[PDB]
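This is the structure I have questions about; it appears just below.
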Amino acid sequence: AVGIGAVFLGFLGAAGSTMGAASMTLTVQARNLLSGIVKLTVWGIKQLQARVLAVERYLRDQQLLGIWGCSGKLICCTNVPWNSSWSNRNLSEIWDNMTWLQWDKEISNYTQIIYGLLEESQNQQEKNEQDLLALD
Amino acid sequence: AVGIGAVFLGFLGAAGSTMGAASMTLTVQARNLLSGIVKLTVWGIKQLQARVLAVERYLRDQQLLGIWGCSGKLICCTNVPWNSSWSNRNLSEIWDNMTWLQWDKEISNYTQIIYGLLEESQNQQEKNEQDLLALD
Amino acid sequence: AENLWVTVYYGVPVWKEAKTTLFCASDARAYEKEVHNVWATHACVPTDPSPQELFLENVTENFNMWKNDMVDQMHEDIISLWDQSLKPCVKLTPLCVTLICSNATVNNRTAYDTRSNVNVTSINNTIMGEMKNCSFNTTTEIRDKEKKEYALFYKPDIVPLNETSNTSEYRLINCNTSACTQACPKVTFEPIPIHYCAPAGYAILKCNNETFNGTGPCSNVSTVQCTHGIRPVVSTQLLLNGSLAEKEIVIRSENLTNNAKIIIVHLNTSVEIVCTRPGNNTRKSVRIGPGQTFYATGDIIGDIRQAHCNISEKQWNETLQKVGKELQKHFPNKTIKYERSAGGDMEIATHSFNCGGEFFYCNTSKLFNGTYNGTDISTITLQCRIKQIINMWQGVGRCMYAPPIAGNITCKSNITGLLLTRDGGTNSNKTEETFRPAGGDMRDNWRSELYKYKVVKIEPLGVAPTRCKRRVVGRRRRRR
Amino acid sequence: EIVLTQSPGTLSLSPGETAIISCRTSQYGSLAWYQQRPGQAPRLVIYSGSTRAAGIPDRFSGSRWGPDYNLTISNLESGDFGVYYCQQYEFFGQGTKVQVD
Amino acid sequence: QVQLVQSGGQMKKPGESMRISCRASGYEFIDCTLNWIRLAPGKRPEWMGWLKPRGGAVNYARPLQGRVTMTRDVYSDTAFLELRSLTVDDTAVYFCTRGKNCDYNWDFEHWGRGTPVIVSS
């Protein structure tokens, strides 16, 4: 589920390996997600549409990270406990068997709850820290 | 002036309530500010124009938060004291009577001073922390 | 949950199979962006197409060539390119005046195919004889004076017998339905290789285990930023200037038992074909309107009576034999019997292609006249015909006129694939063997090249359990 | 080959009684059933195995695994009698006739 | 919408040819596959051929490919058919036919009203 990252792979070369042997391309994956590629004709519209859609994708992802207190990092520990309804998952295969491309299917149908949980916990922590600073 | 935040209101539903309650809806307004909505014709220009202006406004707001040391949070305590020229505002009415839509009319004619004071104090603190680290 | 906490991860290797608009990357470089068009100078991007392939350890992905939307993207881009490029050029509407035509005349030329001088067009029957000499009143620039111009048209470009069967008066064929536009001479454009590059946030996957049937898993997967050079060539009954499979001949259909579904055959060794129109065409230039010029073939000087294509006999014979062997594997315990083209419009009843801006049509009965798993038990010559007025693709309503090209024209090509269909009802004991050549949408041509690729969007955010509670505690957990 | 073979060719059925028809298939492929209203143009009934055509009540149903399909028409009304054909990519079965007693 | 019009009936002599017409409406005639089915009385319906109106490509059932010719006209939305040499055994109804999606050759639509023709002597 974690390990020491690298950037020399260039792009998505892993993939395939387990999560503990695949969560290491985070730098390069973050890089390539936005960088590049770059008589009357209209394909300027197509190029602008593609560029704007990519930029909006990146901004939405960064905003979702920012709400949860995770902006400024790729890895991010959080406070939300594992759901009361799950308490069951196959962690023995999380650590060293399932690749991300497989694990992403098992968290589907439940991801929507996790974002709300993270948001609520972060806002509680925010107001708690503000109160703590305002205590004295 | 502060409240335990929420996201279940969907959009701008409050409004109206005092600042101490209207300050709970920060997450949903932050979310909806950028997300969505999404033979030869030109309204692609209109759509691209709208998207680009929305993204530019969001980037300007985030940059202004970043300069003041507030990027990554919705609430943000700072160091700038209440202005020497003000020392008069109606705080009993701030906490539980005035809504944000009313209070925004009173901080007008003076906000431009705050947008300088905040960055001044932040840069002072930045160089102070750099010097403190350099001390060892 | 005293040992169990979530964790956010970003930049994670996950993707899903969405669809998007791809970038056009040129050859790097042949584009003069406005001076002339070679394929897409006004529109497409010149940039480095270096694929930079990457292999993946244990990935297994499902590919489908028939549902590959990139062929639809190619279709739309090609149609838009041709439509916007032909738009500024001259209109042929003023040229629809009544044409009085007569048989051509030869000023003592010589014939290639026999050791004697030309005597009569009816016996010297090629180019001359199929081509009519027409004269017509046309307007000068000042709109008050008219003159007797003349030009020589191919017989398919003119239509009698709606001018009554005794008048010897001819129209242009297009005027019955639509008005044509001439191709701008500076715009003349040819099959430059093109590369497709994914936009930001999308990855183009490629399958290297070439021998998969076309719809199933592929294990030798690889990732590429820009596809290899695809040539936007268009031809019927035969793919040319294509790639080649590393294994021997390959055959592809979503259901071979579904007879109406086209069968694409992909070769491993190319068979060279040479096509030529001898004789020096003289480009006549006649004025229309204030500042428009119309090009037409004047007299044809030099030796005339040939319009041929040539294919090596034994090479094509063995290629067809290997096709027959593979189809015998797929269709067990029965022969394979190739046959003449089924019929239909001449754009698909004949092999079609363009060389040097001149459109060719060639009778292919010489080529598919086979028998059991091969031909029955030296160069094969294809008689051909030429048209100038063109319906752009199959049956789309956009017409075009091709200006003639002066001097003799010769082109070479590598045949790489075939397009076949099968006989229908049965008569079981005597039907499964039959196969014929068939036409093809340009989707069928471009599928043989965009076979390999798939488009997926990155989902760079993921969640998983880890050992950390934020600022508080650790974790007890499991292992494989 | 002989891709389709329907049976029974002749069937006698009283009104309100359930009908049964079978179509073999010697090769893998789609299957279907057509209703020939007597002296009229036939019409689609079932296709792709068990899926019903548009506007057909639920009386018409069937199923298969591989080389044998059973068609059943519960409580056939008088109007739905006639001749029924089995089709697969080009072929037609010899047909099965149902008459009202 | 789908609509398959057809010509009326007629009576023919042995060795002579017939022509038949079938006209489309309510959809794009160029892109959609079209079919023809013979339906003789009291025996197997027989396949006759296909037609793709875009390119005019055709394909024929083998026992009839020495006689059948199938054509179309895009600007009139009309399909046409012919038998180059008849016999009494050709007595049957002729049904021009589509598929409803017609990304699939099989049919899977009307079946327009048909047209009966008899060969007699």
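Order as written gives the chain letters A, B, C, D and E; numbering starts at 1 within each chain.
Keep this in mind: contacts are C-beta pairs under 8 Å (C-beta built on N, C-alpha and C of every residue); 3 or more make two chains touch, one makes a residue touch a chain.
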- Considering only C-beta pairs in contact, identify the chain pair with the most of them. A-C
- CA centroids of subunit A and subunit B: separation to the nearest Å works out as 25
- Taking each chain's centre as its mean C-alpha position, how far apart are subunit A and subunit D in Å? 55
- Task: Could you give the separation in Å between the centres of subunit B and subunit C, each centre being the mean of its C-alpha atoms?
- Result: 58
- Task: Would you mind listing the residues of subunit E that make contact with two or more other chains?
- Result: 46-47, 61, 105
- Shared-interface residues of subunit B (touching two or more other chains) are none
- Item | Residue list for subunit D, restricted to those that touch at least two other chains | 89-91
- Message: On the basis of the stated criterion, which chains touch which? Give every pair.
- Response: A-B, A-C, C-D, C-E, D-E
- Item | Interfacial residue positions of subunit A with respect to subunit B in the complex | 42, 45, 48-49, 52, 55-56, 59-60, 63, 66-67, 69, 71-72, 116, 119-120, 123-124, 126-127, 130, 133
- Query: How about subunit E: which of its residues touch subunit D in the complex?
  - Reply: 39, 43-47, 61, 95, 105-106, 108-114
- In their shared complex, subunit C is touched by residues of subunit D numbered 1-3, 27-29, 89-91
- Seen from subunit A, its contact residues with subunit C in the complex are 1-2, 9-17, 19, 22-23, 25-30, 32-37, 39, 41-43, 46-47, 49-51, 53-54, 57-58, 61, 64-65, 68, 70, 73-84, 87, 89, 91-97, 99-101, 103-104, 107, 111, 114, 117-118
- Item | subunit C residues within the subunit A interface of the complex | 1, 4-15, 20-21, 23-24, 34, 42-44, 47, 52, 54-59, 84, 197, 199-201, 203, 223, 225, 458-466, 468-472, 477-480
